[PDB]
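So the structure is just underneath, and the comments pick up after that.
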Amino acid sequence: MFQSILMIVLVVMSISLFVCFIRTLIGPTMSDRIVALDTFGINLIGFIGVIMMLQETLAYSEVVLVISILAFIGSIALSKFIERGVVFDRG
Amino acid sequence: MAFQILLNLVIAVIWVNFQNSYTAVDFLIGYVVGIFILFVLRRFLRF
Amino acid sequence: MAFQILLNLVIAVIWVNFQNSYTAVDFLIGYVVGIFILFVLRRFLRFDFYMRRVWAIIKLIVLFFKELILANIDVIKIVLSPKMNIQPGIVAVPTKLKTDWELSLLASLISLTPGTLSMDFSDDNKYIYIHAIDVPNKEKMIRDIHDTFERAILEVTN
Amino acid sequence: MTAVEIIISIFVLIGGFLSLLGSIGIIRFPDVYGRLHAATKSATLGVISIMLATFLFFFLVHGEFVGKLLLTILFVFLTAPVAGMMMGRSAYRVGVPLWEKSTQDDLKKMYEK
Amino acid sequence: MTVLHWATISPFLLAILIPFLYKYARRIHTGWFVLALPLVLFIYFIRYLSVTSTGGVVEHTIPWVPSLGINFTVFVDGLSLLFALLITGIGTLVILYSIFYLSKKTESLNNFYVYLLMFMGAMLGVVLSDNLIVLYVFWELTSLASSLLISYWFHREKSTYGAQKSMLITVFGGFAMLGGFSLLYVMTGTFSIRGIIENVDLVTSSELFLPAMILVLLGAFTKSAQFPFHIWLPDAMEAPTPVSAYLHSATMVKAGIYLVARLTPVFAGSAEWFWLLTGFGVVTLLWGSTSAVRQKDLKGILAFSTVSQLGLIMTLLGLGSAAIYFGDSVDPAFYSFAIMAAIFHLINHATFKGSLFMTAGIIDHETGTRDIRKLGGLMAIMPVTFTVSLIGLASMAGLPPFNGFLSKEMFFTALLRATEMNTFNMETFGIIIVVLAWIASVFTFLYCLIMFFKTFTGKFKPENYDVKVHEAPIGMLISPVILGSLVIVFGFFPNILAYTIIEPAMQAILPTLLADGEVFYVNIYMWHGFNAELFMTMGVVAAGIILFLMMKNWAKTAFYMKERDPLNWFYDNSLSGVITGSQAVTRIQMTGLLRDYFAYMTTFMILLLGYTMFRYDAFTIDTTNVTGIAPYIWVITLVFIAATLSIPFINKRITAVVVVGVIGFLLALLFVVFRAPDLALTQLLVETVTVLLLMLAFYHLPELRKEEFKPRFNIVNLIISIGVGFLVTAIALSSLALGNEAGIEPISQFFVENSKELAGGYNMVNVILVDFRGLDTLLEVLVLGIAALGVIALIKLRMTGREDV
Amino acid sequence: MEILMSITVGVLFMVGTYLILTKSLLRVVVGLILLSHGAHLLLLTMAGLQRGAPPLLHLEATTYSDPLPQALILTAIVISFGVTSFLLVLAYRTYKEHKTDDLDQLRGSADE
Amino acid sequence: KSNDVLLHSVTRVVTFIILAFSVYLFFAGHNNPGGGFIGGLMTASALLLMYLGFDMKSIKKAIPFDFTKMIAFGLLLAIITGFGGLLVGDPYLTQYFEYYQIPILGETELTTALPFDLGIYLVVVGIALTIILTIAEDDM
Amino acid sequence: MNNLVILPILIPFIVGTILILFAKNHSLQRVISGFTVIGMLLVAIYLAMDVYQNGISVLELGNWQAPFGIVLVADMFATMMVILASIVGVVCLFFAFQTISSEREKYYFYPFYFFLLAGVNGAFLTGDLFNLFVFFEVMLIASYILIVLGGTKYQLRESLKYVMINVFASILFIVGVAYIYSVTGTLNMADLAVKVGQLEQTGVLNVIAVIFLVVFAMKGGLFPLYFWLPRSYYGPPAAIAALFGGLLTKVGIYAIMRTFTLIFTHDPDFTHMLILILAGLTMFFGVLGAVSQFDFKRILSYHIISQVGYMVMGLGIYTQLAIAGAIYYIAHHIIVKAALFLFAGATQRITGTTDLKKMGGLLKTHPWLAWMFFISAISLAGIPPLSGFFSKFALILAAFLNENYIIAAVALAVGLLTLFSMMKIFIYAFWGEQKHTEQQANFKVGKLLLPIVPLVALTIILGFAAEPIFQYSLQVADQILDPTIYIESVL
């Protein structure tokens with residue numbers, strides 16, 4: 001019953017990823033796409049937290065922390081690309 | 001300097017749980033890890 | 001603050017030897033007396049007693065969480081409304097906060113609070129540009145920045 | 001269902017609902033600036049609420065204080081505002097317009113100079 | 001290594017010393033040092049007449065590569081001795097001539113004598129080898145040394161054209177012959193010729209008998225310039241004349257005649273041997289005599305002459321093979337006569353033709369021309385050259401009393417006996433052979449009259465020639481006068497050759513025909529009365545003179561206008577064609593277009609994996625031994641598939657990077673569902689650095705475009721893409737199912753047991769990487785390090801292409 | 001589940017193959033990145049999926065998912081990262097020099 | 001031209017945390033997810049975020065490592081560790097571990113796998129930074 | 001122990017890495033590189049003698065027994081390939097010392113050279129299929145940079161196609177290992193040979209045999225999977241084209257030999273017939289490419305394709321004699337084909353060009369170059385008694401003994417086309433009137449020819465001393481045609 005609820009929430013999280021993905025395709029703007037991408041990655045942390053309760057394991061606790069770091073590095077770099085056309089300044 | 005010592009203990013706070021050893025071996029590894037991090041970042045953080 | 005925390009740990013460190021416990025809960029008893037030791041001696045020394053600032057911070061963390069919960073209630077209303085009834089815009093909001101870490105705290109709190117999102121800072125750092133979802137109610141938002149959010153930052157700040 | 005399972009349930013059902021809301025918001029808000037409201041706030045609280053549930057689950061049911069889950073909460077809080085700021089300000093500079101029914105744009109002036 | 005081994009390869013050893021002698025003894029014409037070797041090998045071989053002419057043979061062997069059955073075996077019998085004396089006797093005389101024909105001042109004597117001694121040692125090696133692969137080895141070195149001599153004036157286009165044409169026609173034949181020699185081994189187990197002749201029944205019973213015969217005759221007929229491979233011989237005349245005298249008239253063009261005479265005891269006795277030798281012989285006889293008549297350079301006439309006369313010798317070997325068919329149902333004398341005529345004519349031919357190349361060479365050397373249109377009147381100016389030339393041309397025409405009359409009369413005898421054969425369809429074709437041979441004898445006589453009258457008669461025209469004309473120096477004259485003298489000696493005293501040379505060579509060629517210690521009767525004489533063969537000869541003389549007196553008439557014809565052989569068009573067009581065709585076939589593959597390369601490779605993979613999956617019935621699926629799909633995996637998988645299918649429709653690069661990110665994140669999510677945390681981590685970190693890299697590259701690259709849907713191009717692409725996807729899946733599903741049936745315990749249960757006990761870790765993946773399979777990890781960081789150093793080199797080093805070579 | 005993942009590999013191979021048959025330099029590099037993803041997902045699926053715990057012995061599980069393929073995939077991902085880096089730089093250096101990203105324009109002289 | 005007060009503030013805090021987490025990932029590899037590759041890429045990500053957040057001239061003064069020598073030294077550290085067994089007459093790349101006792105710390109496991117995996121780690125950081133920085137600074 | 005088995009991998013790997021620390025010092029780079037290639041050669045010769053006297057030496061890395069650990073297996077075939085890579089490694093480096101710019105020395109030329117050689121030796125020696133993939137990747141990435149280094153426009157457009165195609169073939173290798181792992185649960189080549197034989201090479205194990213054939217056929221240069229090769233080899237400097245020409249395709253050919261003599265041996269009516277057909281098509285289409293070209297270095301690049309066809313022709317026939325022919329052919333081709341690219345280098349130094357139509361008369365000016373080229377070129381064409389003759393003759397004789405008449409005929413016809421192609425280079429560049437200048441006529445090339453002299457000497461010696469080389473090839477062929485010798489060594 002607790003495991004039934006975790007399954008329902010994993011389905012809802014899956015649908016959420018589906019709905020973020022639609023804007024990565026359709027935009028309309030590049031800014032829109034990088035926002036959807038940023039939200040897709042944050043939602044993956046949710047999905048894994050719940051997989052860890054269902055599988056009852058802490059093997060994935062490093063994965064959630066890496067995703068949070070990488071989704072951030074991804075968004076900062078794509079935001080700067082869009083605005084300036086360079087990821088790194090000075091060079 | 002009091003700042004850097006507490007940072008180092010804050011690194012060791014961040015560190016110690018991860019291992020979950022709660023032994024002298026792991027805390028001493030943890031306090032030293034932060035010394036190395038602080039040394040690497042000394043110029044970045046202007047320490 | 002860093003001086004006093006370090007002192008307090010030194011006091012507990014020694015105290016646990018004296019009290020023959022390298023057991024955990026004793027470190028707390030020890031640290032607590034270090035607090036009362038420092039509190040009693042704060043007038044004797046020159047100390048802005050550190051636990052006032054540690055409390056200021058706990059209350060700021062609570063506010064970060066309270067505003068985020070409210071912000072989500074605002075979002076739910078808007079997104080589950082049959083029709084988007086929003087009147088958005090970008091508002092320049094004055095700030096007194098002078099330091100970079102205070103501005104960073106404020107810009108982060110605004111973006112976690114109801115209806116608002118930090119866009120940009122003026123060059124002189126005297127204005128925070130805010131994307132607001134309802135510009136009609138901007139006076140409330142400007143009042144909350146001034147009387148709740150910057151008041152709470154300055155308690156941990158000064 | 002045990003009282004621990006109920007508390008953890010609430011947190012996971014809120015977290016999963018706010019995640020979906022965040023995504024529905026990325027669809028329904030009229031421009032990238034309103035969609036950043038949903039991305040920055042709902043996606044963020046949704047994921048904070050699930051990490052709490054996960055944290056409370058290993059603590060109250062397995063007696064394990066998994067402090068990496070709390071460090072994940074902290075990274076998400078630190079990072080969410082700055083990411084939304086860098087995505088919204090990049091959009092504004094690149095010329096993505098505010099929505100037509102928007103009624104005030106103090107930032108346009110500033111970027112005039 | 002016997003002395004007889006050392007003699008055989010001795011000319012290769014001197015060839016190594018020739019460049020030093022030229023360098024450090026230039027005072028002396030290098031030929032003086034070269035002359036001693038063929039002259040001592042001649043005297044050496046002359047000592048074996050004591051054994052061969054008493055029925056003996058000498059055989060010695062040393063192994064060379066016995067694991068392939070290749071042994072260096074030297075074998076002296078009548079046949080091989082005869083060719084060793086020609087090669088070393090006429091060799092001696094041609095070196096002597098070359099000392100006076102090549103001036104040591106401007107000529108590369110070192111190149112000349114190395115190529116020439118290479119040939120000489122290769123030719124002895126051909127005729128003294130009993131192992132067919134050692135004979136192949138020397139046979140190809142004669143083709144090589146021959147083309148190097150045709151090319152001696154390598155700055156001239158004609159020289160290089162002839163050197164190529166010889167090498168291609170003769171090596172083509174040599175490669176086919178190697179296939180022939182390999183079939184004999186497959187029949188008999190030996191490359192020894194004497195041992196193949198012992199097992200001759202295993203040859204003639206075999207289904208590989210005729211292919212082996214054809215392949216062998218391809219080699220013989222290319223090297224001996226039988227029609228249609230004779231076209232290389234006229235183009236070899238670009239050589240310096242000593243070479244034409246030695247290689248291309250007297251020795252190397254007789255290597256195919258040697259090989260056919262040597263393998264008559266394996267192949268003869270059959271209609272196909274009879275007809276391949278007798279027909280190709282008679283056409284070559286007729287084609288070369290007719291072509292010679294229209295040549296207008298002395299060496300042109302003599303080259304076509306040699307073609308013709310080789311066809312005459314090949315026809316006699318062909319007629320003579322009937323001795324083997326009849327065995328002792330007939331007197332051995334009767335059809336063995338043709339084999340005696342062939343041997344006698346080969347000797348005669350070497351004497352008159354070697355002498356006529358030497359006089360053509362003197363005429364060129366002392367008038368600057370070899371053109372029968374510009375010569376005339378040189379009888380009184382060049383009387384020794386005139387006399388030797390007269391003798392050679394009269395012998396070649398078969399006028400008495402010279403050596404060539406006897407041999408031409410023995411030819412007409414052999415031909416008339418063959419008409420009596422009543423086998424092999426000779427009841428029908430015997431007279432065609434006799435008539436075609438008779439016509440060829442008329443044309444031979446006529447090309448000899450043309451060469452004689454146009455060169456030496458009429459009025460000497462001093463203004464045709466640049467230089468003032470004088471006889472040659474005595475040194476140059478000695479070699480043609482000694483050869484001219486033998487023309488006369490063998491004409492009057494033929495029976496000097498009868499039991500010393502000719503009879504032993506007959507026994508080598510017809511070894512089963514007579515009991516041991518039985519000799520053939522050989523008595524050669526000039527007068528046999530008023531028989532058919534004398535009328536045939538009177539015939540030839542008359543017809544020849546008539547056609548010569550009618551030349552005013554037929555010289556205006558279109559036949560006489562041309563001189564180049566009409567088969568040359570084939571050779572020439574076939575070569576241009578290999579190059580054109582090659583280029584067409586190569587262009588369709590190597591289009592330069594990376595899509596074509598991937599489409600060829602993937603199309604080939606689909607057809608071959610597809611065919612193998614049908615042939616072994618490997619399309620299969622196992623739906624039982626699969627794990628469950630939670631409902632949330634259906635949605636994740638649908639996103640993963642949608643994201644992946646959207647990529648070909650995206651036309652903005654930043655969208656592409658975002659959807660690649662999505663795909664990257666979702667593959668990390670699958671790795672978590674599939675219990676692979678170390679993969680999820682790695683996959684996420686690599687995906688992040690790959691997104692920074694794609695954007696660092698996007699500063700340099702242009703934007704994506706919608707590229708237009710060429711219907712054919714992009715539907716073929718679609719069908720190939722689906723076919724790769726479908727086969728990767730089908731083979732995935734079939735591998736899963738065989739894996740499940742098989743139930744082999746995976747080796748990785750050892751890592752489960754022993755990661756913590758024997759390697760001290762609990763993370764089995766890390767333990768495998770650093771401990772059980774640590775070498776792979778060390779090699780993988782080396783891949784990264786090379787890629788990083790490569791990226792530096794690729795960005796910082798920019799060279800023009802003119803810096804190094 | 002091995003069936004569904006074998007089909008997903010099929011789809012990465014099919015799109016990745018379609019992209020390498022296009023004229024765009026960037027699209028070819030992306031096709032090559034998708035084929036790598038497919039091969040790596042294939043190597044995991046072929047070992048059997050969801051067959052036990054993550055391969056960490058301190059979990060004291062009965063069955064672990066097979067660790068050997070996981071170590072093969074790690075190596076393959078890491079190599080592939082190295083090579084893709086090198087290939088992206090080679091691609092841009094090629095574009096800069098030829099001023100074209102169209103592979104039709106990179107054909108060169110015919111019968112060179 | 002851009003006020004980055006918030007990006008520069010946050011980049012300073014997160015960098016501390018990512019580096020600490022990268023060192024944990026490196027040491028945890030033997031018994032938990034992590035190791036040289038994951039640690040190295042995580043550490044590279046921390047230095048890249050500093051380049052992203054600030055600018056190349058400033059961060060190159062701040063963290064002035066020679067990433068190319070780190071490749072060569074990384075590789076040699078990993079090769080040399082593999083000769084351990086040639087001391088005890090064992091095949092190349094034999095790995096050894098013992099549980100020693102140190103008073104200060106406690107029972108501790110020493111392994112040749114640690115220096116081996118440190119060599120992997122140095123190459124991985126070295127190559128990530130050499131590749132990304134060489135491209136980003138490619139003027140021509 | 002058998003730690004000697006790893007020295008052919010570890011010396012170049014260690015020296016390669018050390019030379020990155022000395023990028024600035026060019027003299028020290030050359031001296032180290034020079035001693036190192038010579039000691040690789042003496043290590044390789046010593047390993048080959050040891051294995052010849054004392055049997056297969058197996059090294060279990062990490063001390064883990066097969067099939068759990070990576071094994072290296074030095075058998076007689078592997079140790080011959082290790083010597084041949086060492087010979088051409090020495091010669092191509094001493095020729096590079098006389099020819100490459102100092103600019104390439106600044107950018108890691110010598111470390112990439114040694115990492116290529118380590119990769120090639122690891123590929124010959126590994127007893128593990130995933131370890132073969134990784135050694136192929138070390139070889140390939142070192143070739144990716146060596147082939148493009150300099151970044152001329154040609155090099156960038158052709159190198160770009162070479163890398164894309166090779167990346168694709170590396171993916172298909174992974175696909176193959178996925179499917180064979182699913183069936184067998186092992187990567188060890190011996191353990192594979194045992195398990196595949198337990199399963200009788202049933203069903204999809206045939207399909208999997210064909211995927212390995214294609215993967216290794218793409219790396220080997222068999223038709224129709226060679227498009228990456230002919231244009232790419234033109235771009236790098238002669239010392240590198242010689243080493244690539246001579247050795248890199250041999251790693252794919254060795255893998256096809258090792259895989260279809262050890263693992264997939266149960267249905268040669270299918271698999272080895274398929275290999276015979278690709279052999280014959282590779283000989284034929286290779287040599288048409290060669291005949292179509294009029295550029296010295298492009299003609300030689302197509303001859304590589306043609307000649308590898310002969311090496312898989314002996315595996316297709318699959319007898320002791322054919323296999324031993326192929327093993328000798330492999331030794332002859334490495335030696336001759338590396339010499340030929342080195343002669344095209346020295347011809348380009350003299351004339352500035354590789355285009356035959358712009359050349360002529362080098363025989364008059366540079367006879368030592370001309371006669372060394374000629375001897376190598378007729379060896380390639382199969383003219384006796386050089387190495388080329390004996391090795392061709394063992395293959396055709398094996399083909400006739402086995403009644404493979406069509407492939408016997410293709411191998412003879414292709415020989416004649418090769419002769420035609422080598423005589424075109426001689427007629428156009430060495431014969432003729434002098435098309436090069438007077439300054440070019442006085443360029444002295446002997447310093448460039450000395451490194452090539454041993455390869456020329458070896459084609460002569462391998463011809464004359466064919467009997468000991470052929471007896472060694474027969475023993476290799478015996479060893480590998482019985483999978484149970486390798487199997488018992490390792491398991």
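All heavy atoms count here, side chains included; hydrogens, waters and symmetry mates do not. A note on names: the letters A, B, ... follow the listed sequences, proteins ahead of strands, and every chain is numbered from 1.
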Between E:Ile744 and H:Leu199, is there a side-chain heavy-atom distance shorter than 4.5 Å?
yes
query: Any donor-acceptor pair under 3.5 Å linking the side chain of H:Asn121 with the backbone of H:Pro8?
result: yes
message = I'd like to know whether the aromatic ring centres of H:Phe13 and H:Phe114 sit less than 6.0 Å apart in this structure.
response = no
Self-check item: Main-chain N/O of H:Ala178 paired with H:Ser182 side-chain donor or acceptor, under 3.5 Å
Solution: no
ask   = So, G:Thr94 versus H:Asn63: side-chain donor-acceptor pair below 3.5 Å or not?
value = no
(message) Pair F:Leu68, H:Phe130 - check side chain to side chain contact (heavy atoms under 4.5 Å, CB included), show working.
(response) CA-CA 11 Å; F:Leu68 179 53; H:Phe130 190 73; over 6 Å; no
Requested in this report: Would you check if there is a donor-acceptor pair between the side chains of H:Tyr52 and H:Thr79 at a distance under 3.5 Å?
Outcome: no
Which of H:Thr126, H:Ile70, H:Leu61 passes side-chain contact (heavy atoms from CB on, under 4.5 Å) with E:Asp776? It is H:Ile70
How are the rings of H:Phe260 and H:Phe264 set to each other: parallel, tilted or perpendicular (split at 30° and 60°)?
-> tilted
Discussion item. Are there over 12 heavy-atom neighbours, none belonging to H:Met1, within less than 6.0 Å of that residue's CE?
Written reply: no
request  = Give the intermediate values and the outcome of side chain to side chain contact (heavy atoms under 4.5 Å, CB included) for residues H:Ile330 and H:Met257.
outcome  = CA-CA 11 Å; H:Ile330 287 155; H:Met257 286 174 80; 3.7 Å; yes
Next item on the list: Answer yes or no: is there a side-chain heavy-atom contact under 4.5 Å between G:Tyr92 and H:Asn2?
Entry: no
When H:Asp128, H:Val194, H:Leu129, H:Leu192 are each screened for side-chain contact (heavy atoms from CB on, under 4.5 Å) with H:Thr186, the one that passes is H:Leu192
inquiry  = So for atom OH, which belongs to H:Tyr472, do other residues, nucleotides or ligands contribute more than 12 heavy atoms lying within a distance under 6.0 Å?
reply    = yes
key: E:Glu745 atom CD: more than 12 heavy-atom contacts under 6.0 Å   = no
| request: Quick one: sort the H:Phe77 and H:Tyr254 rings into parallel, tilted or perpendicular, breaks at 30° and 60°. | output: tilted
Say whether, by atom type as modelled, one donor and one acceptor occur between the side chain of H:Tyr486 and the main chain of H:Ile56 under 3.5 angstrom. no
Which of G:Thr112, G:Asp90, G:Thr111 passes side chain to side chain donor-acceptor pair (under 3.5 Å) with G:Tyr96? It is G:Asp90
message = Less than 4.5 Å apart, side chain to side chain, heavy atoms only: is that true for E:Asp678 and F:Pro55?
response = no
### Task
With side chain to side chain donor-acceptor pair (under 3.5 Å) as the test, would you mind laying out the steps for H:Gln479 and H:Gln475 before giving the verdict?
CA-CA 6 Å; H:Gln479 187 170 77; H:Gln475 289 186 226; over 6 Å; no
